[PDB]
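Here's the structure, in structure tokens; my notes come after.
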Amino acid sequence: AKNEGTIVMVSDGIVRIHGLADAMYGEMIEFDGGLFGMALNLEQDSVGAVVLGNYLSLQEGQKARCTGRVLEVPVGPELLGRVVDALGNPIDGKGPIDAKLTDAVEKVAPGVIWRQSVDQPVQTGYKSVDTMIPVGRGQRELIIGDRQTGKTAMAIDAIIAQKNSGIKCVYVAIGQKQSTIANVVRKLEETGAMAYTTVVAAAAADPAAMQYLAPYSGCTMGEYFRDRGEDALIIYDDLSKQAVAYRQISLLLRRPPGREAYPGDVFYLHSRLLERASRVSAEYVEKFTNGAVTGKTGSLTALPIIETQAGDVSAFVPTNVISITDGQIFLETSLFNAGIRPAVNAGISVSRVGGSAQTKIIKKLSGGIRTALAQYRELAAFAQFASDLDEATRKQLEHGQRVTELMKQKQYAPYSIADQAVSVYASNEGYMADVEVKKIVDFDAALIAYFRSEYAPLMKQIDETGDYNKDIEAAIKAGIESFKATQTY
Amino acid sequence: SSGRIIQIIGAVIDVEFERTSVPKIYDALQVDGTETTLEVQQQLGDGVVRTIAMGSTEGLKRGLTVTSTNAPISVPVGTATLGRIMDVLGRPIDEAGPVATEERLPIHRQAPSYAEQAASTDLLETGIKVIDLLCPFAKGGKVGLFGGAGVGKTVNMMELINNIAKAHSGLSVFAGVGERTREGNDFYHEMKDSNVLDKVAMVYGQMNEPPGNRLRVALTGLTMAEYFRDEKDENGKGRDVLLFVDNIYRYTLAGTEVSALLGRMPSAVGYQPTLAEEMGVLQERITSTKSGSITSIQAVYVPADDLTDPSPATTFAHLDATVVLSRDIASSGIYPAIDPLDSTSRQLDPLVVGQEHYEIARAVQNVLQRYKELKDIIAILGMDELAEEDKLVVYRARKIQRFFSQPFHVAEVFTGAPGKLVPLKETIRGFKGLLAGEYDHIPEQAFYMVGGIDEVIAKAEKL
Amino acid sequence: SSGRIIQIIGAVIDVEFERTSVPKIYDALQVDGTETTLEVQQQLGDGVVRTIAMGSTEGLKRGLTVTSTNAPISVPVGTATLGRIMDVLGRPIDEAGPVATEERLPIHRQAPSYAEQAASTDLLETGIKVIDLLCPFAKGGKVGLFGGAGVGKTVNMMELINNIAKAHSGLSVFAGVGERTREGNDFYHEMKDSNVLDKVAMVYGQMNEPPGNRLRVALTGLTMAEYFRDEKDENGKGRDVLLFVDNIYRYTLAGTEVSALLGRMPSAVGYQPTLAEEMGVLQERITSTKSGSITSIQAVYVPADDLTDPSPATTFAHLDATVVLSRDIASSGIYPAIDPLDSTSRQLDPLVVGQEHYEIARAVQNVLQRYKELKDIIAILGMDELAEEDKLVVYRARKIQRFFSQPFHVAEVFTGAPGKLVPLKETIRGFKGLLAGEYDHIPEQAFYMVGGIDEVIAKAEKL
Ligand SMILES: Nc1ncnc2c1ncn2[C@@H]1O[C@H](COP(=O)(O)OP(=O)(O)OP(=O)(O)O)[C@@H](O)[C@H]1O
Ligand SMILES: Nc1ncnc2c1ncn2[C@@H]1O[C@H](COP(=O)(O)OP(=O)(O)O)[C@@H](O)[C@H]1O
Ligand SMILES: [Mg+2]
Ligand SMILES: [Mg+2]
């Protein structure tokens, strides 16, 4: 009698159950037809639950039972190269998934004493991000901008650039139409990056509960690797749509709304999810595996995505995510329409980890880029009055324009650290000051192609080690000066 | 058994049944002694359901009798619906007898799964300069037109129908959701004057109808298009389908009009809390699968000229090509008033359209952005102090926005000038010549309402 | 004598007690079989109270038994809490065994009455020349430290801890109100690496904890600081105690969260009606009394860079000083990286700070302003106009800007832990001499990383 109940009301995906005196918070509930629910409201006389399937087949008078369980998803190195829904059920039609372990969807972050500082780098392949806004293993960096600015391109390029670094990736899609998901999956399979990637899909036609619960299951799938001495990288494509689904669910349950009709605990919703990404110490790994893994640390990096309305970053939702995360990458519509691609705005983009998450050579080299861009920024007003300006100011304008032209890049063309090092070193010493503002991209591409074509051992050494000494600098200068003449663009 | 009406408020009615005969969620009921049909929405307990009438509720009283049908609303499908006009319930309204088929399909169904999805891999030309250059279409994709009141959505839709649907080899479905009756009559007589009435089917629910009809009228046309998509012939392949929807915004507006009477709490600016879910449920059905393809064009209304409003903002993510119309361009006499700095398409990448097209589009957009940047300093200060390159940019940008105007075939009544059709090769030639600087001596008046660059040369010489 | 749960909605729990035994406001309750804690907030009649969970709530059901401890939340206090890390309930989370003490105090207390206020106003020396001259500190006052986007604020806090300790241990207390876990770990590790861990008690409230912890961690830290303040030595006088809260803004954010959860009508922007009440009641316990004093250094994060929002407007009536940091100066090589022009203080009254102090500070600020204005004219024209005028200001403000540099004791990467804790008199004398012109001829590049005038003189005679 304490584990039985009758349905009373059915509307909009919410079911009210009479009875179930032993139901817990978040407990799974089974229905007659094979559908599952989840208790969220424990009132004095009834229970309000959301349906994890489709509710159109449920009618009043049926029976429900409490299972004494919580939400769980399969985990392990078998979901790689697969597409599953929010509950781990495959949807690509490639047969059943044979997993050996399951883990809870709601979990707590590791303690403060079990953590470690972040000093390992993560490469995204973009010159602009890597040399000015570096990202380390265990960091939380936000990508924020307007519609049709290129957030998904940046995330997918970051995923693709992990071909040789050997870190697993997870892609979560919330509230998208299935054609875009299929296109993204096809592009991932084309480049060979599907062998170490998992996709969790919650499309626009799915119930709001699945769209609300998908990121936590993705986070558990990512945490599987962190708890055993490896590294992982998770990406949420839209937290705004998750917030919208949560708002719909909260409003349908008659909870008091606040600013912009959002509930009171949206900040809790995003914070208790984003706090689960960090780096753990070797003692934690030793204790978790009971001595199976001895001398390795684990990490989990997060790349959430937030979309603003007409560049209004003072709304209710984006401010919480901005405050929670460490750094932010801002993309602007005016820069995108003006040809600057990617559209990173260096004025208000920061990385609190800073140079501690960089290789030695890039750390030594990025200072010139930083100072040149700052000096160019210092004279924005008089760009249209070049006739009335100091000659030194004119030269600073020239060098800033050259750097701004250099910072451009194409799509699906990631750069290894050697390419960025060569280009930045060529820019720093003034070899690029004798060409016009145009043809800079052609010059860069030609130089990089030449260096990769005839200087294989040096490129391999820089890629695999990342050291910087007098011999390396001399060899790089010799190659650059050999390209400067006796060659064409 | 049968229930009885216990309360009516506007378009929302609730009925009380016995505890053992409560209908399902999306069932259809009939009121005895009347031509009124009700569709269940919610189950409130104690054998009480809440429904929405599909007609006027005048003359309805508490205590009438209602009988159930134990099925959703079913409409006819097949070739018998070609050349006929039907309402939301599938009844003929063209005074031409009954529909001559027997197959029926429910209007409520689930969307196709993830495994049965296809990739559009074909371009589609239109003859419109700006759309061809800056927002190419794809065969089997989705297109949307965004604009305020009185900016040219209907005219552009009609011109697209004239350019594409006439030279088509297939079928078509046209759905009218909350539009003018005069436009529907004009379109019907225009199609009947020619001999293309045998390839189209029409469903009409307009702005004079109760919210119940406007709520569910798009699903009927969607069901007809779905049946035509998944249709095969013995030793005969499938057929391509064109679908046209007018003001899909009225569907969400009708959903808004009844949200409060159903017992929900408002969100955002007075909107229903289930906006995105009920938009996506309908949007995921308009798609092309492995078995058959659908090409669709929709018109999206922007309330109060606010692109930030929740409805268009939610709609933006369901389309492949987006065309945005602006009142500022329209008020300057430039038609079609398409904003070139806010129109995008997924086909605009060098791997699909080639290098030259991509470079031309990027250069044009860059020039327009630079002119928009310079506008303020040009306005408040003078023009003499500008750099010479800035003057060249200003002149080139003004000529560029002049050259994007084009006289349409369906707009001959308004202006009296014959329409023009431009292949995209001439457009690319003209824009490349314009950006190169070959036409720096032509006055900017010669670029207004012409076809190719040859017409520009002729008009300039005649001047 | 025990109650049972009757309702669980979010983090709000309703417990039904007997009519006679109803726990008072702010009582602490413990569930029987679990390890969760609840705090009473209201009484609703018929033996029903509304509580809040002190942690996670998953794993609870209606019908569990709850017992009352007849007392508010009590935490350990004393010297035994030094060098440890504790949560909002005072339990150790550093894996080092239990805290060895038996003195317990409630975290809910009344502010000191009107007579207990200190009968004088005094200042507090820190060691940093720029913050000792341009932004004087107040003994027992509050410091509003804003500014900084990616700069090293935490190392500055640690160096402030070491500087005050070198002046006088003071038994500082750190309370991170909603701090990043990695930043907290870094702070603890770096304090451990500098042996300053023996004089600091730490309370941590993480970002992912329920908002009640985010509110109450500050109360726990304040209670510990008060107990340290009320400890008297052989002379009979109390200690001066330093308190650190990572962000006051997060405190008000959590207060708004909790108030919105409990179903209250929002305010003009959307905060709670009791913002000023809670902020004042918290802030009225941070005072200097007859025996001992309590100071407060707190980071400020302006909401949306607006000074008209209620969030900083409520706090501005309590901050006794303002300090800002500059990203460019941090990138310019000057380690302290404090912007002088933005950073000001209310303690610059010439009667209390000294007339010479006032004159020197104002003159130095005006000279720096003259340096600031000259850069635009230099960029436009150059120094052709500026001959025998405004150049002297250029060199003087060059050495003035270089003089704010100071090597830092805790930091060992760029210096070997130099003292550099010069008294105020040295700084005022040096600034007076530099303004007068005796050091005008001294090279400007000898002013980098110098503590006193004798040191820069030794440098100048060295080069
Ligand atoms: N570096 C680049 N160079 C050129 N084109 C690019 C670049 N990055 C992105 N694009 C193009 O910009 C367009 C928008 O990219 P994308 O789909 O990633 O944006 P988004 O912000 O995810 O969009 P949405 O508003 O649909 O969420 C696409 O056509 C893409 O090909
Ligand atoms: N190409 C054009 N040439 C001349 N007039 C046009 C053109 N396009 C639109 N218009 C004018 O704009 C008005 C709005 O057209 P229509 O699309 O029917 O209304 P709405 O934009 O509200 O749907 C029409 O009355 C028509 O006169
Ligand atoms: Mg996207
Ligand atoms: Mg219109």
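All of the numbers you see were taken from the coordinates with simple rules; none came from a lab. Note that we place each Cβ from the backbone using ideal geometry, even for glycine, and neighbour counts take in every protein chain shown.
Hey, can you tell me all the residues within the stretch A:139-165 that are farther than 18 Å from A:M194 by Cα and under 12 Å from the mean Cα position of the chain (by Cα)? Lay out the reasoning, then the answer.
Going through the stretch A:139-165, the residues farther than 18 Å from A:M194 by Cα turn out to be A:139-151.
Matches in the stretch A:139-165: A:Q139, A:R140, A:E141, A:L142, A:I143, A:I144, A:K151.
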- [ ] Name the single residue, out of those in the stretch B:330-349 being away from ligand 4 (no atom under 15 Å from the Cβ) and not in a loop (DSSP other than H, G, I, E, B), that is surrounded by the fewest Cβ atoms within 10 Å (Cβ to Cβ).
- [x] B:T344
TODO: Test A:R259 against the criterion of being within 14 Å of chain B (Cβ to nearest Cβ) and in contact with a helix residue (DSSP H, G or I) (Cβ under 9 Å, 6 or more places away or on another chain), and give yes or no.
DONE: yes
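Go through the stretch A:135-148 and give me each residue that's within 14 Å of chain B (Cβ to nearest Cβ) and basic (K, R). Break it down stepwise before answering.
Filtering the stretch A:135-148 down to residues within 14 Å of chain B (Cβ to nearest Cβ) leaves A:146-148.
Across the stretch A:135-148, the qualifying residue is only A:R147.
For (1) touching a residue at least 12 places away in the same chain (Cβ under 8 Å); (2) under 13 Å from A:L300 (Cα atoms); (3) in contact with a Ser or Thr (Cβ under 9 Å, 6 or more places away or on another chain), each residue gets a yes or a no:
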{"position": "A:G88", "(1), (2), (3)": "yes, no, yes"}
{"position": "A:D98", "(1), (2), (3)": "yes, no, no"}
{"position": "A:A104", "(1), (2), (3)": "yes, no, yes"}
{"position": "A:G111", "(1), (2), (3)": "no, no, yes"}
{"position": "A:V118", "(1), (2), (3)": "yes, yes, yes"}
{"position": "A:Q123", "(1), (2), (3)": "yes, no, yes"}
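Hey, among A:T393, A:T404, A:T486, which residue is away from ligand 3 (no atom under 16 Å from the Cβ), β-branched (V, I, T) and under 30 Å from A:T149 (Cβ atoms)?
Values: A:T393 fails: under 30 Å from A:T149 (Cβ atoms); A:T486 fails: under 30 Å from A:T149 (Cβ atoms).
Going through A:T393, A:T404, A:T486 in turn, the sole match is A:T404.
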- [ ] Those residues that are buried (at least 18 other Cβ atoms within 10 Å of the Cβ), within 21 Å of A:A245 (Cβ to Cβ) and away from every other protein chain (no Cβ under 13 Å), I need them from the stretch B:249-268; list them, please.
- [x] B:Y251, B:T252
Open item on the list: Can you tell me which residue is surrounded by the fewest Cβ atoms within 10 Å (Cβ to Cβ) among those in the stretch A:190-221 that are over 19 Å from the mean Cα position of the chain (by Cα) and in a helix (DSSP H, G or I)?
Closed with: A:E190
Open item on the list: Given (1) surrounded by fewer than 18 Cβ atoms within 10 Å (Cβ to Cβ); (2) of a type in the set (S, T, Y); (3) closer than 13 Å to B:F146 by Cβ, identify the lone condition not met by B:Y358.
Closed with: (3)
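Considering each residue of the stretch B:105-138, count those that are away from chain A (no Cβ under 14 Å) and either within 16 Å of ligand 3 (Cβ to nearest atom) or of a type outside the set (S, T, N, Q) (or both), and give that number.
Going residue by residue through the stretch B:105-138, those that are away from chain A (no Cβ under 14 Å) are B:105, B:122-133, B:136-137.
Imposing the further condition that a residue be either within 16 Å of ligand 3 (Cβ to nearest atom) or of a type outside the set (S, T, N, Q) (or both) reduces the set to B:105, B:122-125, B:127-133, B:136-137.
Residues in the stretch B:105-138 being away from chain A (no Cβ under 14 Å) and either within 16 Å of ligand 3 (Cβ to nearest atom) or of a type outside the set (S, T, N, Q) (or both): 14 in total.
Before we move on, is B:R327 under 20 Å from the mean Cα position of the chain (by Cα), within 16 Å of ligand 2 (Cβ to nearest atom) and touching a residue at least 12 places away in the same chain (Cβ under 8 Å)? Steps first, please.
On the way: under 20 Å from the mean Cα position of the chain (by Cα): yes; within 16 Å of ligand 2 (Cβ to nearest atom): yes; touching a residue at least 12 places away in the same chain (Cβ under 8 Å): yes.
In short, yes.
Being without any contact (Cβ under 8 Å) to a residue 24 or more places away in the chain and within 14 Å of another protein chain (Cβ to nearest Cβ) is the filter here; which residues of the stretch B:25-45 pass it?
Of everything in the stretch B:25-45, those that are without any contact (Cβ under 8 Å) to a residue 24 or more places away in the chain and within 14 Å of another protein chain (Cβ to nearest Cβ) turn out to be B:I25, B:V40, B:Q43, B:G45.
Conditions (1) hydrophobic (A, V, I, L, M, F, W, C); (2) more than 21 Å from B:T223 (Cα to Cα); (3) within 16 Å of ligand 2 (Cβ to nearest atom), marked per residue:
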| position | (1), (2), (3) |
| --- | --- |
| B:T252 | no, no, no |
| B:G270 | no, yes, no |
| B:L275 | yes, yes, no |
| B:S291 | no, no, no |
| B:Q298 | no, no, yes |
| B:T308 | no, yes, no |
| B:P312 | no, yes, yes |
| B:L319 | yes, no, no |
Open item on the list: I need the full set of residues from the stretch B:312-369 which are within 12 Å of ligand 1 (Cβ to nearest atom) and either at positive phi or aromatic (F, W, Y) (or both), in order please.
Closed with: B:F316, B:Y358
- [ ] Restrict the check to the stretch C:360-376 and report whether at least one residue is among the hydrophobic types (A, V, I, L, M, F, W, C) and assigned to a loop (DSSP other than H, G, I, E, B).
- [x] no
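Test A:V313 against the stated conditions and say whether it is surrounded by 22 or more Cβ atoms within 10 Å (Cβ to Cβ) and at the interface with chain C (Cβ under 10 Å from one of its Cβ atoms). Step through it out loud before you land on a result.
Working: surrounded by 22 or more Cβ atoms within 10 Å (Cβ to Cβ): no; at the interface with chain C (Cβ under 10 Å from one of its Cβ atoms): yes.
No.
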Task: Among residues of the stretch C:63-104, those that are within 14 Å of chain A (Cβ to nearest Cβ) and touching a helix residue (DSSP H, G or I) at 6+ places or on another chain (Cβ under 8 Å), counted - done: 8
TODO: Would you check if there is a residue in the stretch C:395-415 being surrounded by fewer than 13 Cβ atoms within 10 Å (Cβ to Cβ) and assigned to a helix (DSSP H, G or I)?
DONE: no
- [ ] Tell me, yes or no, whether the stretch A:347-361 has at least one residue that is among the small types (G, A, S), more than 25 Å from A:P134 (Cα to Cα), surrounded by fewer than 20 Cβ atoms within 10 Å (Cβ to Cβ) and more than 9 Å from every other protein chain (Cβ to nearest Cβ).
- [x] no
Task: strands (runs of 3 or more DSSP E) within the stretch C:5-120 that include 1 or more residues surrounded by 13 or more Cβ atoms within 10 Å (Cβ to Cβ), out of contact with any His (no Cβ under 7 Å at 6 or more places or on another chain) and of a type in the set (K, R) - done: C:48-53, C:104-106
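Residue-wise test of (1) crowded, with 20+ Cβ neighbours inside 10 Å; (2) part of a strand (DSSP E or B).
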residue	(1), (2)
A:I17	yes, yes
A:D22	no, no
A:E30	no, yes
A:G34	no, no
A:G37	yes, yes
A:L56	no, no
A:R69	no, no
A:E78	no, no
A:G93	no, no
Task: Matching residues in the stretch B:121-133 - criterion: being in contact with a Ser or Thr (Cβ under 8 Å, 6 or more places away or on another chain) and either assigned to a strand (DSSP E or B) or over 30 Å from B:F403 (Cβ atoms) (or both) - done: B:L124
Open item on the list: Just to be sure before I move on: is C:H318 out of contact with any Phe, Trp or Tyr (no Cβ under 8 Å at 6 or more places or on another chain) and crowded, with 19+ Cβ neighbours inside 10 Å in the structure I sent?
Closed with: no
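Any residue at all in the stretch A:164-177 that's assigned to a helix (DSSP H, G or I), surrounded by fewer than 22 Cβ atoms within 10 Å (Cβ to Cβ) and within 14 Å of chain B (Cβ to nearest Cβ)?
no
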- [ ] Answer yes if at least one residue in the stretch A:149-161 is over 29 Å from B:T344 (Cβ atoms) and either within 12 Å of another protein chain (Cβ to nearest Cβ) or away from ligand 2 (no atom under 16 Å from the Cβ) (or both), and no otherwise.
- [x] no
Task: Number of the exception - B:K129 against (1) within 16 Å of ligand 2 (Cβ to nearest atom); (2) within 16 Å of the chain's Cα centre (by Cα) - done: (2)
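Scan the stretch B:134-160 residue by residue and report those that are part of a loop (DSSP other than H, G, I, E, B) and within 14 Å of ligand 1 (Cβ to nearest atom).
Here is the first cut: in the stretch B:134-160, the residues part of a loop (DSSP other than H, G, I, E, B) are B:135-136, B:139-141, B:148-152.
Residues satisfying the conditions are B:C135, B:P136, B:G141.
For residues that are in a loop (DSSP other than H, G, I, E, B) and more than 11 Å from chain C (Cβ to nearest Cβ), scanning just the stretch A:120-134, find the one that is nearest to the chain's Cα centre (by Cα). Break it down stepwise before answering.
So in the stretch A:120-134, the residues in a loop (DSSP other than H, G, I, E, B) come out as A:120, A:123-126, A:133-134.
Those left that are additionally more than 11 Å from chain C (Cβ to nearest Cβ): A:120, A:123-126, A:134.
Working: A:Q120: 17, A:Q123: 13, A:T124: 11, A:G125: 14, A:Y126: 15, A:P134: 14 Å.
Restricting to residues being in a loop (DSSP other than H, G, I, E, B) and more than 11 Å from chain C (Cβ to nearest Cβ), the top hit is A:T124.
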